[PDB]
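# Tertiary structure, described
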Amino acid sequence: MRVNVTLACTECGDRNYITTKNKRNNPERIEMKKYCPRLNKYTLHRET
Amino acid sequence: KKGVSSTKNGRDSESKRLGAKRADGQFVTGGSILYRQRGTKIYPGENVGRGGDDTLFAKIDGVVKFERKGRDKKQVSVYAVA
Amino acid sequence: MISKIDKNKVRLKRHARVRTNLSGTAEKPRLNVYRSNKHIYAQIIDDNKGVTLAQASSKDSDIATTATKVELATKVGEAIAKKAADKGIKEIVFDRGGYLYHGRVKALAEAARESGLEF
Amino acid sequence: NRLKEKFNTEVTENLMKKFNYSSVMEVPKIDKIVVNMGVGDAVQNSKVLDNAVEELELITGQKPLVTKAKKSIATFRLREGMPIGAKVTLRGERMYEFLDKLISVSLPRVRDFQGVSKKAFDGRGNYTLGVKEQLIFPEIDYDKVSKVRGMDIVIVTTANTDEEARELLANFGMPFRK
Amino acid sequence: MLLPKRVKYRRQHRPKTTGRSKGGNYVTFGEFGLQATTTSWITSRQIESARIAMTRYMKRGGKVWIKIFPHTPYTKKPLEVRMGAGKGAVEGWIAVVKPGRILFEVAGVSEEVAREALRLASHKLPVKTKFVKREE
RNA sequence: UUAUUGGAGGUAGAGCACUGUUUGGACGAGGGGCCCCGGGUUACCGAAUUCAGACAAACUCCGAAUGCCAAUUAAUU
RNA sequence: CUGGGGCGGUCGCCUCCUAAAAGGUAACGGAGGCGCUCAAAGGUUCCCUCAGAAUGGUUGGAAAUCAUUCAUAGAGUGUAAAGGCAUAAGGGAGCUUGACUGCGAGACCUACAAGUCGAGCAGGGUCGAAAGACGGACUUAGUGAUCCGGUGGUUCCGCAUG
RNA sequence: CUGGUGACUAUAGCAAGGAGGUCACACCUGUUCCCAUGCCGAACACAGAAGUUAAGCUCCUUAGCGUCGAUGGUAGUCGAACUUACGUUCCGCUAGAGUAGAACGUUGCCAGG
RNA sequence: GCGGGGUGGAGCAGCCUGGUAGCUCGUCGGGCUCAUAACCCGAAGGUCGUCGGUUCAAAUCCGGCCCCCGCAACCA
Ligand SMILES: [Mg+2]
Ligand SMILES: [Mg+2]
Ligand SMILES: [Mg+2]
Ligand SMILES: [Mg+2]
Ligand SMILES: [Mg+2]
Ligand SMILES: [Mg+2]
Ligand SMILES: [Mg+2]
């Protein structure tokens, strides 16, 4: 994967996780369900 | 003084200190690494876990025993002392 | 000439793979299910000692009756659970025997759960 | 079940008498029929494979399974995983109906028909027939078909030997070149 | 000139020369053969020289079996160079011979002819040799 | 330190089961120079197969001596 | 650095052989790779087994797709090599995001700084009937200290006090 | 004896010949339903029992192959003495290959006969 | 010692970045001219130095080998 990605919780905006994606393979901002510590629940996290 | 060519070699990686870390018939505390290896030259046995790098580790305190596991395989196991 | 596969041998290979991660302790004995064309057999087994604690089968006279094989399977599952209760067995690990968890095999399992064996 | 009825009664009697089979189970039977169409042209044009699929679907009455290349070959301009063929497996009633039609209608319709080859046996009592065109089959219409294409029909028999297989096909009334 | 068509490794460690012959210590294809009583490298050139000599005397009436093959490549540094800066280029191909090894086998001739032919071959080779026959 | 016992590991030697290297025998899957869709036979036989014989730091069906790690272990230090 | 120096070559990391059957071990010794890649090529559940050869068959040829038999792995395993893997670590499908958060008994390696493995506990989850598995990838390269600066968060500080 | 399910390095396997079927296990008969096919009730699943030991399977015989395998000897080697010899000698250890031989399994638990 | 190059008969591209052989001249058949040249029209011709490797696939990438070219070959 060619680029570094930061995933931010949709609900609180917290940059909980960092990840990698291939920009050509995945041009759109990637989204995935991740545990949010502040919320203490799994929430959708989207690439900034 | 004749001019000279060069070798295209001269490289090697650091040695990884693989092999047995504990003897057969020796007491070990839980978590003790028993064997370091690439792949499974020795399989995880009783009360022995296999790490992501295929390291064999005791999952309990006990005595280490290296055992045969079929015609061409071997395993390591830990047994709790009486 | 086309070869016909032996279904029991195929399921046995599948059983061995299941058996790698599944074993019966005295505390949690294995419930093995063997399914034939006509009958279903259940044994509660302790793998460490290599001993069978209890058994129930459609071929057994008490269980034997005129019923659909799934109906019989439910009866076998209820029977094995009651026998296990007598021996004080409440916790068991279900061994599917390499058969798919559906129909007859499931019915036996469900029946044992309903009887009180905990999966 | 005309072909099946013959097999159950007439064919079984002939085979068991001929080979002195101890049990009825010993008597040979046709396990399956597989129709294979190879479409390397599909590599050049996807539509060619699509047209073939339709034809096979009409001929067999069941949707074909598209076959994808096992490996890449440069000469054929083939890439692994590319769809280059279609296959159908006919079993049970569908198999007998297709086979009876083939001998009764499709094989007669074959142009300059001089009978089927007797040497087309794998040596394990399995027979493969190659059709030059799919126009021979009754369902196919000449106007509908853009390109005439051949097909491979594989008849798999439980018979151990070709000779036993030959008898089974002859009893079914399959024409042979002799 | 006998040589391997290809090798995985062109630059190899030089062979151990101490010890006795592992195999080929018996005449198996011919009536008579030449047995090495000393250890030395045998080059492809030496084999050819010995072969040509023995065939000439035999007059090609008999058959010659060459038991030894020069598998191992050996390197030599370019002339007038200092030490280091890598191993040299392949110079030749050699067979390690230890005492007992049968170098050549001859058949289809009288013993007298064979003894002379092997004698002529022996003088072309570095090792000391003894005339040998099949043993039963 | 030694004795006793258990274990890890692949070297020496050896071997050719694998990967390569290699000698001499036979022998052919299948047609060409050859004799008829109507048969044959004095290359190649390259595929392959087989018998015997050799080779290897980066080959191994094998496999020591030693050395190494241990033991509610004994003797001596 | 250098079998004087220059010139040529080289500098970190990974794999093998040299390495003398634990580990470790050098030369400008013999061979190769790395400065990634993958949103599945990760997790889980279920299911599945190769390469090759022979024979039969149309477009079709040594070789395409089909069928049977033989075939113990000569296949495959993202990518070097080695060690592993056919109870798969290889292939297919469904559902998913554990490519979690806080951590961590013990252990390996080790001059230091680092590096490696880790049962188990808590929180909140995914797949599974369930047992259970899951803190990326068959394992081992794919990386760079501190200072300084940027960006986001923060029940921390705020030079008389706000 | 048979079956289910475990243990063991194939002495347990492979191949070849033979034998066997109230029950059991299959093959088998169908696809209405649960469920299934990247097509196919082939398989899987389910509902069954007309037919059949044909095959699988189980049992018996065998040593062709695979497997196991000495004793003796040999190679190698720790130590020692002697030497510089592509070494020698002594002592302990001691292969590989091959040979005789072994071997067509041995067993635990549970339910039936 | 270290680089570069070897492609229809000639000279010169294509390689970097694998799938694609180009341009000019020459050659060949026809035409124009009394004839030739020039000119016009149509056409053919390179296994990419050679053996290997990697790859589904090699002019192209990688390694030898042969040939050719350039540069270096110093301090005593
Ligand atoms: Mg290393
Ligand atoms: Mg050796
Ligand atoms: Mg070592
Ligand atoms: Mg050592
Ligand atoms: Mg600074
Ligand atoms: Mg203030
Ligand atoms: Mg002119």
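Our structure is the block above this text.
Calculation notes
- Residues numbered from 1 in each chain as written, not as in the entry; some residues may be left out.
- Chains lettered and ligands numbered in written order.
- Part of a larger assembly, values for the part shown.
- Heavy atoms only, no water.
- Helix = DSSP H or I, 4+ residues; strand = E, 2+ residues; numbered from the N terminus.
- Buried < 20%, exposed > 50% of the residue type's maximum accessible area, 1.4 Å probe, protein only.
- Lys, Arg positive; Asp, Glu negative; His and termini not counted.
- Charge placed at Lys NZ, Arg CZ, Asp CG, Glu CD.
- Contact = heavy atoms within 4.5 Å.
- Near = heavy atom within 4 Å.
- Polar contact = N/O pair within 3.5 Å; in protein donor to acceptor, adjacent residues only side chain to side chain.
- 1 Å grid on protein atoms, 1.4 Å probe; cavity = no way out; pocket = protein on both sides within 12 Å on 5 of 7 lines; lining within 4 Å.
- Points joined across faces, edges and corners; volume = space filled by probe spheres on them.
- Nonpolar A, V, L, I, M, F, W, Y, C, P; charged D, E, K, R; others polar.
- Buried area = accessible area lost by both parts, 1.4 Å probe.
- Salt bridge = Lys/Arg side-chain N within 4 Å of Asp/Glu carboxyl O.
- Pairing = 2+ DSSP bridges.
- Core = buried A, V, L, I, M, F, W, Y, C linked by side-chain atoms within 4.5 Å.

This part covers the overall build of chain D. Each helix and strand counted, chain D has five helices and five strands in total. Overall, the C-alpha framework of chain D stretches about 55 × 35 × 30 Å when taken along its three principal axes. Put simply, chain D has 178 residues, and 41% of those count as buried. Positive and negative charge centroids in chain D, built from 30 and 25 side chains respectively, lie 5 Å apart.

This brings us to the overall build of chain E. When its secondary structure is counted, chain E shows two helices and seven strands. Helices (α) and strands (β) of chain E occur, in sequence order from the N terminus, as β-β-α-β-β-β-β-α-β. Seen through its C-alpha atoms, chain E measures out along the principal axes to roughly 55 × 30 × 25 Å. Within chain E, buried positions represent 39% of all 136 residues. Considering only contacts in chain E between residues 6 or more positions apart, those separated by 24 or more positions represent 81%.

A few words now on the protein's contact with RNA strand H. Close contacts around RNA strand H come from 53 residues, with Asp6(C), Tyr41(C), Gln43(C), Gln55(C) and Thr17(E) the closest. Expressed as a percentage, the sugar and phosphate content of the atoms of RNA strand H within 4 Å of the protein is 69%. Here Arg68(B) contributes a side-chain N or O atom positioned 3.3 Å from a base oxygen of RNA strand H. Here a phosphate oxygen of RNA strand H sits 2.6 Å away from a polar atom, N or O, in the side chain of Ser36(C). Counting residues per element, the surface near RNA strand H draws most heavily on helix 1 (residues 7-21) of chain C, at five residues.

The calculated volume of the largest pocket comes to roughly 380 Å³. Taken together, 16 residues form the lining of the largest pocket, with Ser6(B), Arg11(E), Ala85(E), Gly86(E) and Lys87(E) sitting closest to its centre. In the lining of the largest pocket, the residues fall into five nonpolar, seven polar and four charged.

Right, let's get into the interface of chain B and chain E. Between chain B and chain E, the residue contacts involve five residues of the former and five residues of the latter. Between chain B and chain E, the buried area comes to about 430 Å², and carbon and sulfur atoms account for 59% of it. Among the residues of chain B in contact with chain E, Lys1(B), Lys2(B) and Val4(B) are the three that bury the most area, contributing 76% of the side total. Where chain B packs against chain E, one counts one salt bridge. Taken together, the connections running from chain B to chain E amount to one residue pair in polar contact.

Our focus in this paragraph is the pairing of strand 3 (residues 51-57) of chain C. Consecutive residues of a regular strand have side chains that alternate between opposite faces of the sheet. Residue and element names in this part refer to chain C. Summarising the sheet, strand 2 (residues 40-46) and strand 3 pair through six bridges and their orientation is antiparallel. Paired with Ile45 across the strands is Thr52, a residue of strand 3. Taken together, strand 2 and the strand that follows it, strand 3, pair antiparallel across an intervening segment of four residues, in which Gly50 is found at a positive phi of about 65 degrees.

Summarising the chain contacts, two pairs of chains touch, and the pair with the most contacts is chains C and D. One finds no contact linking chain A with chain D; the least C-alpha distance across the pair is 20 Å. Spatially, chain C is disjoint from chain E: no contact exists, and the shortest C-alpha separation is 41 Å.

Quick look at the protein's contact with RNA strand I now. Around RNA strand I, the structure places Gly3(B), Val4(B), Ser5(B), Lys8(B), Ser72(D), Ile73(D), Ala74(D) and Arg79(D). Taking the atoms of RNA strand I that fall within 4 Å of the protein, sugar and phosphate contribute 54% of them. The contact in question runs from a sugar or linking oxygen of RNA strand I to an N or O atom on the side chain of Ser72(D), over 2.6 Å. Measuring from a base nitrogen of RNA strand I, one finds a side-chain N or O atom of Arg79(D) at 2.9 Å. In terms of residue class, the surface near RNA strand I is made up of three nonpolar, three polar and two charged.

So, on to unusual backbone geometry. Phi is positive for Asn47(B), which is not a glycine, with a value near 60 degrees. Assignment of secondary structure puts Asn47(B) in the loop between strand 4 (43-44) and strand 5 (48-50).

With that settled, consider the nonpolar core. Residue and element names in this part refer to chain D. The biggest cluster of nonpolar side chains holds 49 residues, and the ones touching the most others in it are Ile33, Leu99, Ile153 and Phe172. Mapped onto this core, the elements with two or more residues apiece are helix 1 (2-19), strand 1 (30-38), helix 3 (46-60), strand 3 (83-90), helix 4 (93-109), strand 4 (126-131), strand 5 (151-157) and helix 5 (162-172). The biggest single contributor to this core is helix 4, with seven residues. Setting aside anything within four residues of it in sequence, one finds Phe172 in contact with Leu3, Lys6, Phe7, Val11, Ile30, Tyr96, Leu99 and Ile103.

This next bit is on the sheet that holds strand 1 (residues 19-20) of chain B. All names here are of chain B. Taken in spatial order, the four strands line up as 1-3-6-5 in an open sheet, and their pairing is antiparallel. Two strands lie at the open edges of the sheet, namely strand 1 and strand 5, each paired on one side alone. As paired elements, strand 1 and strand 3 (residues 33-36) share two bridges and run antiparallel to each other. Residue pairing in the sheet places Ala20 in a bridge with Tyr35 of strand 3.

All names here are of chain B. Strand order in the open sheet formed by four strands is 2-7-8-4, and the pairing between neighbours is mixed. Either end of the sheet is taken by a strand with one partner, and the two such strands are strand 2 (27-28) and strand 4. Across six bridges, the pairing between strand 7 (residues 62-68) and strand 8 (residues 74-79) is antiparallel. Its bridge partner lying in strand 8, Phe66 is registered against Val76.

A few words now on the pairing of strand 1 of chain D. Residues and elements named next belong to chain D. Summarising the sheet, strand 1 and strand 5 pair through six bridges and their orientation is antiparallel. Each bridged residue has a counterpart across the sheet, and for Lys32 the counterpart in strand 5 is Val156. Two strands pair when backbone bridges link them, and strand 1 and strand 3 are joined in this way by six bridges, in the antiparallel orientation. Note on strand 3: the bridge partner recorded for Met37 is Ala86.

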